[PDB]
Amino acid sequence: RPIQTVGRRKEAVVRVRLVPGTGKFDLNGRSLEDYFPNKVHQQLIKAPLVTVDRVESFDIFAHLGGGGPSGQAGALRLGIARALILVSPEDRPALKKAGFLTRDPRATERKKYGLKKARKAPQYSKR
Amino acid sequence: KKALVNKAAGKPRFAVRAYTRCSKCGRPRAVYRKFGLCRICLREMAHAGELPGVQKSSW
Amino acid sequence: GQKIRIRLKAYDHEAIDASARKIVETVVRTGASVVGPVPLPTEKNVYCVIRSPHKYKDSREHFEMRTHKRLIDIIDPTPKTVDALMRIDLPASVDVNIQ
Amino acid sequence: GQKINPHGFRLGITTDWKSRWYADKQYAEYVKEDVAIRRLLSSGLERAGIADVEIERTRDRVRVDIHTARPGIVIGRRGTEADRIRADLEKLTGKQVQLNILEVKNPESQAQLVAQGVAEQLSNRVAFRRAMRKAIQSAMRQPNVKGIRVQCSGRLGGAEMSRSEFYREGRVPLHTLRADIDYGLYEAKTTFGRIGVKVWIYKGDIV
Amino acid sequence: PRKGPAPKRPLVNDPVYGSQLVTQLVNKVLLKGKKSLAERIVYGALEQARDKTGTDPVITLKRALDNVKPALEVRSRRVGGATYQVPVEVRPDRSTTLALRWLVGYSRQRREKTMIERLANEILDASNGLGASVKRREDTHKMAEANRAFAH
Amino acid sequence: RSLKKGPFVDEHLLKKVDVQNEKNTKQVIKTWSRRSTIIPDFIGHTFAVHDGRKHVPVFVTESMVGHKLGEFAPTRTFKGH
Amino acid sequence: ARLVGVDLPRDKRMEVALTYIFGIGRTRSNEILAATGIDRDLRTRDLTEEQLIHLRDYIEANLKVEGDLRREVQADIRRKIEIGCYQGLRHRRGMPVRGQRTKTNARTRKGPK
RNA sequence: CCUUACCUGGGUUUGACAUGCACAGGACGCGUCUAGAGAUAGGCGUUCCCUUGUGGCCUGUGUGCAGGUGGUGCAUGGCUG
RNA sequence: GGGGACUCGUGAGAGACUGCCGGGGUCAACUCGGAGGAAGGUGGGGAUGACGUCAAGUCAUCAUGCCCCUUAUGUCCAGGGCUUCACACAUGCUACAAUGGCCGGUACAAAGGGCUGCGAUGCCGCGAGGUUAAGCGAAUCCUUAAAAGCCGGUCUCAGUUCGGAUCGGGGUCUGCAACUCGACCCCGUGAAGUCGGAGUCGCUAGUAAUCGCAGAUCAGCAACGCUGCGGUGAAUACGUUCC
């Protein structure tokens, strides 16, 4: 019944149903400043275009899950974007045209037989 | 061989001195435990269809 | 009121699905109260090996033992149907062991 | 070298697994027997025309499905030879083993059996080209298949310098996976060693 | 590749006072993916630049950037046999990023003190027309005007 | 750096050396053992160790207790020119 | 700021200052300094005699240093030499002993060409 | 160690194994002296089957053979790049 | 407990195919740009290696013709050696420190494995390790704390607090056995070496780079190799004149 968070990630997916409130978007003490020392993923989550001050403020932080690497965990803003779609469609063209209604599910290329993780071909010799 | 195979099959005298062989075609080196095979005849069986769903991946 | 925990060890989603839903449905027909099928994670024991016989190459192949356990359910203690459960099982391809 | 057995891709597409059982620890106990079982059964049944052997291991007994062209050869004197190879193998397989001899309705459809037959023809000191024409002709006239490739490799007449050649007829599109291309082969002894042949039968595609 | 260029991955404004230039700077000083760290380092340079200058580090980088940045390369491609190099005009983006690359390299040199401190040193020298990267611009212009031939 | 539970000596030789300790030292004893550990009880007993090629005589002292017969049985050959 | 050798640094941690003794590393430095109750980071400029007395006493009570220590080492080395086993033989020829291959490497032991 | 095919040296040498023709009748296992080990060597445990003929089968004899990581990819298959 | 809402797991479908707008273009082929949409024009990737070639390679995986041995070129066995070095070459690990070493604290994987086994918890030991032992033949038990990262501190540009190679001593493990010839840990020295000639490989998007993880093999030795997973996460591409 509450706004079901839905959004992708790089490996450890983050999402939960949420309700509106103050705008106290944190979990288990892990505020944006505790979980994201850097302001990059903090602000990406803030979704400056649509913040808790731009629209109905929300408190229920997207449940972490999969541990959550400090990089990819910022991907929950996809969850926010979908939550906003659940609110209304007015910013769906704003968010899609902005660049928030996409995929970003990229992981890593499979390790190949004779190569490394990052296809690091060895020092060949043409003689 | 045909004698050193029997010897390899020989159980007693310090089982660490015993030596695991393919037992299908005979192969000392590069023998996988569970299948117990030389990893060559394994390939032939892999193509034959003698496994319980051991297929080539396609990741 | 559950007693019977099913465990099936297959390696073919199609086989375990098609055969389990029918034998389980017939167990229900005999009068047992049964929990719906439970899709469980899949298992794969992967192997990689050289193709060359003399083995003077880096050319490799990659196999995987696709062990499939899913739709593993639970049956309520209904002896008159448990007897049939014991007498009727699935092919060896699906290893039936029940608690 | 750079060619495969199509069954290796159709393992769970169109083909079946010959090993019909699930095992964790006893798995090795099963296959270590499957080697001798298959070798001893295959040996001596040349007249039978052994296409394939499928094996189920269950009820503490082995059930063997023999895809053979000539059941009467495996049976022998009303089962005397079949029991010779079955009853005596009960102590090795693990308490009782049961044969189930299958009759191949049209052996010509079996890449393995055509391969064996024509290779034996070459072991009868016949003209290679004529042998190939005969084998292929019967293996495309009597079957309702969509194609064939028969590739032979060896001395071909007992030449010091060996070689190979093939007579493709119809289609054999191996690069496509939905194709139903049966595959078999046979390695026949000759005066100067032995000569191999592989057979592909573009039987159909898929249900 | 040859014909048909590929779009670059867009960059955005820094979480501090908005600047794609600084964002690019971070991407240019990124080492081993420690990108949050790089941001910490740059922000340290902002703090040192404002501590040293009393003004917006970013615009001191604008002055430093234009001071360092050249607009004329001294090498295009192979011409013939004994022909050396033929200079040719450079587009703003590559010129800009070269300047930044010079600043980083010489900041990496000078085994004196912290990277933030030596960066701050290079920043003010560059903004004041003193950086060796500006001396590289000088080298660009002096070494240029040589084989004023067909600009491939 | 193992066998914390006492020196390991090949039993069939250990017994013989024990008898020799009971009577007196005896002539150089051949033996195919490159692993028995030297102990103080072996001091005064010169005996030969198969070194992969032949049994080579060697005398024991206290300084040798931390050494094996294989340490007293050289196998490879270095330079010679 | 002296016990046996020079042991005279400036602007160093005390345990590192102790690392100037042939026979005492960081571990032993922390063990004795812990025994004295003296901080690991303390420069020579702030030292007194009582501290040197405690340190001296604990060193004498705990281990040996060069001259005595190295002489014990040379006694062990000569023991290896006089034994003449494979190990001593590697020491005798300047060859490595701890399972090395001089064929390609062991250039510290063999020296450069 | 084995692995190891190489070798020092030691033993065996129809053999470690498969297996044909005769004879022979326990095999085999246990434990133990010897010996570095192999094996030697003693003593135990012992031939079912109807070694009733056949059957089982080691051992021993003799012989078919066994066996060979011996060579021969410039005989060759197969497989691989 | 209770629930099936999500996630998750997982069977089967839809969905992207130039489908589509406008424009161009031999109207066709084909293509520019664009809407929608999650992706727009073989999404990405893998498996897949045409016909054929190089007398490429292998009799030592296997198979096998000829020739050879077959009282031995077979067989059994202790031990040695395949692990040797005045030198050279190749592929690789780490450093040549302040985007740094160290003490202390601290959130976070994914994928795999484990009843011959995993060894939780708890005990002892400076530690490697040792004792006891739950649960687990496994989504639940264990493996399981991931590490890079982050708050703070120390050291403050040195062949030094870099670097841990060499070597001595002392401990742990496997195995009957660790010398030849194993692995690990504590102490101790703290080597060479301060960014690399000539020359050259690598690399276009979650890339490359970089830090960790877990398996196969094995009594033990895989925290440099090989095969899989995952974190962080760039830059350049005017262009085809030349190699």
# chains A, B, ... in the order shown; residues from 1 in each chain; ligands from 1
$ residues_around --residues "residue A:3" --least-positions-apart "4" --cutoff "9 Å" --atoms "only C-alpha atoms (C1' of nucleotides)" --output "list in words"
residues 16, 17, 18, 19, 20, 82, 83, 84, 86 and 87 of chain A
$ residues_around --residues "residue I:68" --least-positions-apart "6" --cutoff "12 Å" --atoms "only C-alpha atoms (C1' of nucleotides)" --output "count of residues only"
4
$ interface_residues --of "chain E" --to "chain I" --cutoff "7 Å" --atoms "only C-alpha atoms (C1' of nucleotides)" --output "list in words"
residues 2, 27, 28, 30, 32, 33, 34, 35, 77, 78, 79, 111, 112 and 114 of chain E
$ residues_around --residues "residue B:44" --least-positions-apart "6" --cutoff "10 Å" --atoms "only C-alpha atoms (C1' of nucleotides)" --output "short mmCIF file (atom, residue, chain, number, x, y, z; two decimals) with C-alpha atoms, in the first residue's frame"
data_model
loop_
_atom_site.label_atom_id
_atom_site.label_comp_id
_atom_site.auth_asym_id
_atom_site.auth_seq_id
_atom_site.Cartn_x
_atom_site.Cartn_y
_atom_site.Cartn_z
CA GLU B 50 26.81 -39.62 -20.08
CA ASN D 5 29.71 -33.15 -31.98
CA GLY D 8 27.26 -31.10 -27.32
#
$ interface_residues --of "chain F" --to "chain H" --cutoff "7 Å" --atoms "only C-alpha atoms (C1' of nucleotides)" --output "ChimeraX atom specification"
/F:31-32,52-54
$ decode --residues "stretch 61-75 of chain F" --atoms "N, CA, C and O atoms" --output "PDB file, in the first residue's frame"
ATOM      1  N   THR F  61      78.422 -36.093  15.965  1.00  0.00           N
ATOM      2  CA  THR F  61      78.702 -35.383  17.212  1.00  0.00           C
ATOM      3  C   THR F  61      77.422 -34.681  17.671  1.00  0.00           C
ATOM      4  O   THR F  61      76.370 -34.798  17.038  1.00  0.00           O
ATOM      5  N   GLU F  62      77.522 -33.931  18.781  1.00  0.00           N
ATOM      6  CA  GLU F  62      76.354 -33.234  19.341  1.00  0.00           C
ATOM      7  C   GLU F  62      75.857 -32.143  18.406  1.00  0.00           C
ATOM      8  O   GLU F  62      74.651 -31.872  18.345  1.00  0.00           O
ATOM      9  N   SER F  63      76.769 -31.470  17.710  1.00  0.00           N
ATOM     10  CA  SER F  63      76.367 -30.413  16.796  1.00  0.00           C
ATOM     11  C   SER F  63      75.509 -30.932  15.656  1.00  0.00           C
ATOM     12  O   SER F  63      74.803 -30.145  15.017  1.00  0.00           O
ATOM     13  N   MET F  64      75.544 -32.232  15.396  1.00  0.00           N
ATOM     14  CA  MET F  64      74.818 -32.838  14.296  1.00  0.00           C
ATOM     15  C   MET F  64      73.419 -33.307  14.669  1.00  0.00           C
ATOM     16  O   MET F  64      72.688 -33.761  13.788  1.00  0.00           O
ATOM     17  N   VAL F  65      73.024 -33.174  15.938  1.00  0.00           N
ATOM     18  CA  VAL F  65      71.727 -33.658  16.404  1.00  0.00           C
ATOM     19  C   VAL F  65      70.591 -32.994  15.638  1.00  0.00           C
ATOM     20  O   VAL F  65      69.566 -33.624  15.351  1.00  0.00           O
ATOM     21  N   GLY F  66      70.759 -31.726  15.277  1.00  0.00           N
ATOM     22  CA  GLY F  66      69.766 -31.006  14.501  1.00  0.00           C
ATOM     23  C   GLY F  66      69.872 -31.218  13.003  1.00  0.00           C
ATOM     24  O   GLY F  66      69.523 -30.325  12.226  1.00  0.00           O
ATOM     25  N   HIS F  67      70.380 -32.376  12.585  1.00  0.00           N
ATOM     26  CA  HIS F  67      70.569 -32.701  11.184  1.00  0.00           C
ATOM     27  C   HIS F  67      70.084 -34.113  10.903  1.00  0.00           C
ATOM     28  O   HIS F  67      70.031 -34.953  11.801  1.00  0.00           O
ATOM     29  N   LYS F  68      69.668 -34.338   9.661  1.00  0.00           N
ATOM     30  CA  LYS F  68      69.248 -35.648   9.188  1.00  0.00           C
ATOM     31  C   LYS F  68      70.297 -36.334   8.319  1.00  0.00           C
ATOM     32  O   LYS F  68      71.267 -35.741   7.830  1.00  0.00           O
ATOM     33  N   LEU F  69      70.064 -37.625   8.126  1.00  0.00           N
ATOM     34  CA  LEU F  69      70.957 -38.430   7.318  1.00  0.00           C
ATOM     35  C   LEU F  69      70.973 -37.946   5.884  1.00  0.00           C
ATOM     36  O   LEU F  69      72.014 -37.989   5.214  1.00  0.00           O
ATOM     37  N   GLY F  70      69.845 -37.419   5.419  1.00  0.00           N
ATOM     38  CA  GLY F  70      69.807 -36.845   4.098  1.00  0.00           C
ATOM     39  C   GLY F  70      70.626 -35.584   4.026  1.00  0.00           C
ATOM     40  O   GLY F  70      71.135 -35.225   2.962  1.00  0.00           O
ATOM     41  N   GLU F  71      70.762 -34.892   5.156  1.00  0.00           N
ATOM     42  CA  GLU F  71      71.669 -33.765   5.204  1.00  0.00           C
ATOM     43  C   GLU F  71      73.101 -34.263   5.184  1.00  0.00           C
ATOM     44  O   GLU F  71      74.009 -33.520   4.800  1.00  0.00           O
ATOM     45  N   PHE F  72      73.307 -35.515   5.586  1.00  0.00           N
ATOM     46  CA  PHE F  72      74.596 -36.179   5.525  1.00  0.00           C
ATOM     47  C   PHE F  72      74.709 -37.148   4.359  1.00  0.00           C
ATOM     48  O   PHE F  72      75.501 -38.093   4.429  1.00  0.00           O
ATOM     49  N   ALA F  73      73.967 -36.925   3.278  1.00  0.00           N
ATOM     50  CA  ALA F  73      73.969 -37.841   2.133  1.00  0.00           C
ATOM     51  C   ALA F  73      73.881 -37.035   0.845  1.00  0.00           C
ATOM     52  O   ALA F  73      72.821 -36.951   0.211  1.00  0.00           O
ATOM     53  N   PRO F  74      74.986 -36.407   0.436  1.00  0.00           N
ATOM     54  CA  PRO F  74      74.949 -35.532  -0.742  1.00  0.00           C
ATOM     55  C   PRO F  74      74.695 -36.319  -2.017  1.00  0.00           C
ATOM     56  O   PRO F  74      75.224 -37.416  -2.210  1.00  0.00           O
ATOM     57  N   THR F  75      73.885 -35.735  -2.898  1.00  0.00           N
ATOM     58  CA  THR F  75      73.419 -36.416  -4.099  1.00  0.00           C
ATOM     59  C   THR F  75      73.943 -35.768  -5.374  1.00  0.00           C
ATOM     60  O   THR F  75      74.636 -36.418  -6.161  1.00  0.00           O
TER      61      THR F  75
END
